[PDB]
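Q: No letters, just coordinates:
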C-alpha cells in the first residue's frame, strides 16, 4: 500500500478531496478514526480506520506518516471500485415489474399449440348479413379431429373467439396418448 513519499497535505486534503468527491455522489459520509501504533510485535505502525456511510468498517496501515491518512483514504476508494460484482440470484422476486396481463393475442398462440402437439390450425368464415341485424357466423377447425365452429356478433368478436373456441378446446382435449 506504500507509494507516495511526497504526499502529506497541510492545507485542504488530497486523495481525501478526491474521496470526498464520489462519496457525495453516493450520499454517504466520510468518518475517519485513528488508532496509531498498535502492532504488538514492536511494530509501532499506523492503523487508521475510516467508514464511508455508516455501516462498513474498512481500515488500513501505512506507518507513522501520510501513508496512514493516504492508506485510509486510498483503500476507501477501492471499495466502490469493487462491489461492481453481481451477488443476487438471476431474476428478482417482485410482484410487479413489467406489466403482466400475459399475451393479449390468440390466433397466434393457437398456431403454437398446433406445431407443439402437432395439430391443424386454420380459419374460415361466412358472415350472415342477410337482413343486417342478423349476425356474423364464423367457422374454424383446430386439433386433429375437432371442428371449432364459432359465431360472433362482429367480424372481430368472431376471430378472437374463433381461437378461444379451439384454444379452450385443446385444453379440454384429454385425448392425445395414442387412442
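A: Nice, I can see it. Numbering: from 1, shown residues only.

Q: how much space is there between the residue in the chain sticking out farthest from the centre and residue 78?
A: Most distant residue from the mean C-alpha position of the chain: residue 131, 56.1 Å away (C-alpha atoms, centre = their mean). Going from residue 131 to residue 78 by C-beta to C-beta, to the nearest Å gives 83 Å. Heads up, the C-betas are built off the backbone N, CA and C, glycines and all.

Q: residue contacts, residue 8?
A: For residue 8, the contact set (C-beta atoms under 8 Å, 6 or more residues apart in numbering) comprises 65, 66, 69.

Q: what separates the helix or strand where the last one lies from the chain centre, distance-wise?
A: Translated: residue 69. Residue 69 is part of helix 66-81 when elements are defined by DSSP states H and E. With C-alpha atoms, centre = their mean, to the nearest Å as the basis, helix 66-81 stands 32 Å off its chain's centre.

Q: got the contact list for it?
A: Here helix 66-81 makes contact (C-beta under 8 Å, 6+ apart) with 1-4, 7-9, 13-16, 18-19, 22, 26, 30, 32, 34, 36, 46-50, 52, 56, 58-62.

Q: what number of residues lie near residue 73?
A: 22 (other C-beta atoms under 10 Å).

Q: how near is it to residue 162?
A: For residue 73 relative to residue 162 (C-beta to C-beta), the value is 71 Å.

Q: The chain: strands as residue ranges?
A: Secondary structure of the chain by DSSP state E: the strands cover 31-36, 46-51, 59-61, 120-128, 135-143, 149-152.

Q: closest to residue 105 out of these?
A: strand 120-128 (13.5 Å; C-beta to C-beta).

Q: Remind me what that closest one packs against, helices and strands.
A: Contacts defined by 3 or more C-beta pairs under 8 Å, 6 or more residues apart in numbering; DSSP states H and E place strand 120-128 against helix 107-116, strand 135-143, helix 155-172.
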